[PDB]
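# got the complex split up, this is the first portion:
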Amino acid sequence: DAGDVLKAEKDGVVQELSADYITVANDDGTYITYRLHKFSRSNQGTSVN
Amino acid sequence: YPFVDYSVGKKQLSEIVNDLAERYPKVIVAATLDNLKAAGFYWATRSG
Amino acid sequence: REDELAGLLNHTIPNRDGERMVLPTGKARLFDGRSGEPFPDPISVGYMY
């Protein structure tokens, strides 16, 4: 509920996967790709990964 | 210093330290405090 | 409840040598890293977060 965990939008099967992204083939017939934050910077100077 | 021969809580230790400060020079008092600190830590580790 | 913990401390899985290292009182017998002699009395041990 905090919102820091990536969550799928519609049920499907993971079509392709890599440390930078995840492409999922939705059951309704569409494809959706999620991009992951890698070594960003938060307001306090920590690392978001 | 005369032999103590009785259980030393924190009041007795305060009395002894006050007597040492009252009757002895400062270098001897500092050395005695260091000795007491070292022995206290050593026997507190093995206290159980 | 503490009753359940006290009951469970007697029924863990024994290690490879078939011995439960922590006694039913929750205290374990430790050795001394430097001197090598065992400590006189058992000491509490467990996992903290």
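Received, thanks. Residues are numbered from 1 along each chain as shown, chains lettered A, B, ... in the order given.
# give me the number of residues near residue 9?
Picked chain A for this. For residue A:9, the neighbour count with other C-beta atoms under 10 Å in any protein chain shown is 9. C-beta here means a position set from N, CA and C on the backbone, and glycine is covered the same way.
# if you could check chain B rather than the one you did, that'd help
Residue B:9: 8 neighbours (other C-beta under 10 Å).
# Residue B:39 too?
There are 10 residues near residue B:39, going by other C-beta under 10 Å.
# who's in contact with it?
Shown in contact with residue B:39 (C-beta atoms under 8 Å, 6 or more residues apart in numbering or on different chains): no residues.
# tell me which residues of the helix or strand harbouring it are tucked away?
Taking DSSP states H and E as the criterion, the element that holds residue B:39 is helix B:26-45. Neighbour counts over helix B:26-45 (16 or more other C-beta atoms under 10 Å in any protein chain shown) mark residue B:32 as buried.
# May I have that helix exported as CSV, CA atoms only?
Taking Å, rounded to 0.1, in the frame of the first residue of the first chain, the C-alpha atoms of helix B:26-45 are listed here in CSV:
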residue,chain,number,x,y,z
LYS,B,26,46.1,12.7,43.3
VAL,B,27,48.4,10.4,41.3
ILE,B,28,47.8,7.5,43.7
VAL,B,29,44.1,8.1,43.6
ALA,B,30,44.0,8.2,39.8
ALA,B,31,46.0,4.9,39.7
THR,B,32,43.7,3.3,42.2
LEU,B,33,40.7,4.3,40.2
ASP,B,34,42.2,2.8,37.0
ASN,B,35,42.9,-0.4,38.9
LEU,B,36,39.4,-0.6,40.2
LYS,B,37,37.9,0.1,36.7
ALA,B,38,40.0,-2.7,35.1
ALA,B,39,39.2,-5.3,37.8
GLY,B,40,35.5,-4.4,37.8
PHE,B,41,35.2,-4.9,34.0
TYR,B,42,37.2,-8.1,34.1
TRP,B,43,35.1,-9.7,36.9
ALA,B,44,31.9,-8.3,35.5
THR,B,45,32.4,-10.2,32.3
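# Chain D should join the structure above:
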Amino acid sequence: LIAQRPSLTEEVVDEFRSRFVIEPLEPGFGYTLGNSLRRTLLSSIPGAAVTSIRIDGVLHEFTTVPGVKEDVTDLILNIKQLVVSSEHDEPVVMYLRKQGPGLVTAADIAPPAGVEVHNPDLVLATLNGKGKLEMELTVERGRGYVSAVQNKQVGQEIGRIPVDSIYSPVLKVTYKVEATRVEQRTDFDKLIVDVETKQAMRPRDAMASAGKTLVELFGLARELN
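That brings us to chain D, laid onto the chains above:
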């Protein structure tokens, strides 16, 4: 007045775990010997470990390579567990090359003649259908732990990534001093030292190295005349 002298015998629990029985010692003396041996075994047994890596298309630790499921920083932690053994005094180089989908198991590493990798079932990374891993590893010798800032050379390239080194063939050591009251008309002890190494050498070699290290110090003690 007691003429019997100590003696040491071995028992094999499994491939890489041994139990050494020393007896009959003087009373109150087993714990000190056991702890001395344990400290020496856990401190000063030489080995080898990877001390640097460089990947084809990487500049630093805080980045990711295409076609792999893991970051470089999360792959350094996987290669820090490699159990390698080397016979060369100078640094040696190994190459890891993998193409196509699957798992980059530690067995895929092709080492030169002289060095060996002893856990060939370790999982380093996972590759998809558009990923190729080409990486170069450096192996040296030593003992203890080196914190990757000692591994930083003067002429470091931008592409060279130093790594923490853990040279320690020993995994877990313990001891038990049975007050067996060995029947000698008096009190005596029986020390039992249990040693488990991490599949790089066998416990007999570790015990021999510990004994060789410990005999020298008491050798310089006895020369006092």
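# The neighbour count of residue A:9 again please, chain D included this time.
Other residues lying near residue A:9 total 9 when counted by other C-beta under 10 Å.
# any chance you could read off phi and psi for it?
With angles defined as degrees, to the nearest 10, residue A:9 shows backbone torsions of phi -90, psi -40.
# doesn't residue A:28 make contact with it?
No. Applying C-beta atoms under 8 Å as the test, residue A:9 and residue A:28 come out as separate, 10.8 Å apart.
# Which helix or strand contains residue D:54?
Counting by DSSP H and E, the element that carries residue D:54 is strand D:47-55.
# And that strand, how far out from the chain middle?
How far strand D:47-55 lies from its chain's middle: 14 Å, per C-alpha atoms, centre = their mean, to the nearest Å.
# likewise stretch D:39-48?
Distance of stretch D:39-48 from the chain centroid (C-alpha atoms, centre = their mean) equals 8 Å.
# Can you measure across that stretch, start residue to end residue?
With C-alpha to C-alpha, to the nearest Å as the measure, stretch D:39-48 spans 20 Å from end to end.
# List the contacts of it.
For stretch D:39-48, the external contacting residues (C-beta under 8 Å, 6+ apart) are D:84-86, D:115, D:139-144, D:167-170, D:173, D:195, D:200-201, D:206-207, D:209-210, D:213-214.
# do stretch D:116-125 as well
D:68-70, D:75, D:78-79, D:81-86, D:96, D:103-107, D:109, D:111, D:133, D:199-200.
# please redo it, this time with the cut-off set to 6 Å
Identification of contacts with stretch D:116-125 by C-beta atoms under 6 Å, 6 or more residues apart in numbering or on different chains yields D:68, D:70, D:75, D:78, D:83-85, D:103-104, D:106-107, D:109, D:111, D:199-200.
# and residue D:18, how many neighbours does it have?
The number of residues packed near residue D:18 is 20, by other C-beta under 10 Å.
# while you're at it, add chain E from this line:
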Amino acid sequence: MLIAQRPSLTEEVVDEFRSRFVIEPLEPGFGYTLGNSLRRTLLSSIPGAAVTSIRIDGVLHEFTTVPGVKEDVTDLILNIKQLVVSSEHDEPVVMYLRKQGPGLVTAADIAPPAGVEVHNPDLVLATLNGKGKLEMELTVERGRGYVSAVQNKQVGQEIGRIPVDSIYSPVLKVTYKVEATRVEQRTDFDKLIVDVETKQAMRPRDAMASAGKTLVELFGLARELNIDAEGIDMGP
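That brings us to chain E, laid onto the chains above:
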């Protein structure tokens, strides 16, 4: 591997029978690795000889008092304990104390047999008053370390044989500590200080040499498993 900095041992002498040895610069750790072992082997791994039991004439195991002697039985036993002796026969050997008349009875009045010697004849044993008589038998034998009073071996063997504690080890007191020594290069290198206090017979240097020999043999026992094993070589 190579040690890269060879530790050395140095001695200081405080009294005729007190010494302070310093071993430095030891690697990180290695101050407790060979400190407690040194103390233990010095205190309980060196042969010696001592008294085991006495039989004072005219006094049973009751310690009410010794007629004709100012000191009580506990004082007599404690005085006997401080006696330092050397022996050669494995079996226990008995010697006789025959002092008589008013005055001071010391260790110089004993008549040891062949093979046993007393290294402090000037020790005071007791005082005699009122023309009393002191007849004693002292049994001495060899051993290692400190063994408490061996209890009654046979109840009906005799009446007056009082067993006593035996201090066989020449070394009486030992202590040790470790400190940081190195300044130029990276610090935390260990320095070990060992304080030794022995009795009148042996010197601290001989005790240190014997301890070193014993420990070297004990650990060569383990080294023999595989002689061709790489350790920490030292050079010279």
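# ok chain E is in now, so what about the contacts of residue B:39?
By C-beta under 6 Å, 6+ apart, residue B:39 lies in contact with nothing.
# how far away is it from residue E:151?
35 Å (C-beta to C-beta, to the nearest Å).
# ok, is stretch D:216-225 in contact with chain E or not?
Yes. Counting by C-beta under 6 Å from any C-beta of the partner chain, contacts between stretch D:216-225 and chain E involve D:216-219, D:221-222, D:224.
# Neighbour-wise, which one of those residues leads?
The residues of stretch D:216-225 next to chain E, ranked by neighbours (other C-beta under 10 Å): first place residue D:217, 26 neighbours.
# ok now do that residue, which residues does it touch?
For residue D:217, the residues meeting the contact criterion (C-beta under 6 Å, 6+ apart) are residue E:34.
# again with residue D:132
Contacts here follow C-beta under 6 Å, 6+ apart; on that basis residue D:132 touches residue D:99.
# how does it look with 7 Å?
Contact criterion C-beta atoms under 7 Å, 6 or more residues apart in numbering or on different chains gives D:67, D:98-99 as the residues in contact with residue D:132.
# Now that we have the residues you listed, which of them are buried?
Of the members of these, the ones counted as buried by neighbours, 16+ other C-beta under 10 Å, are D:67, D:98.
# In CSV, list the contacts of residue D:132 along with distance to chain C.
Conversion of those to CSV gives the following (distance: C-beta to the nearest C-beta, whole Å):
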residue, distance to chain C
D:67, 36
D:98, 36
D:99, 41
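# ok, back up a step: how much does the helix holding residue B:39 deviate in direction from strand E:171-180?
Using axes from the mean of the first three to the mean of the last three C-alpha atoms, to 10 degrees, one finds that helix B:26-45 and strand E:171-180 are set 100 degrees apart in direction.
# any residue of stretch D:94-106 up close to chain A?
No. Using C-beta under 7 Å from any C-beta of the partner chain, we find that stretch D:94-106 stays clear of chain A, coming within 10.7 Å at best.
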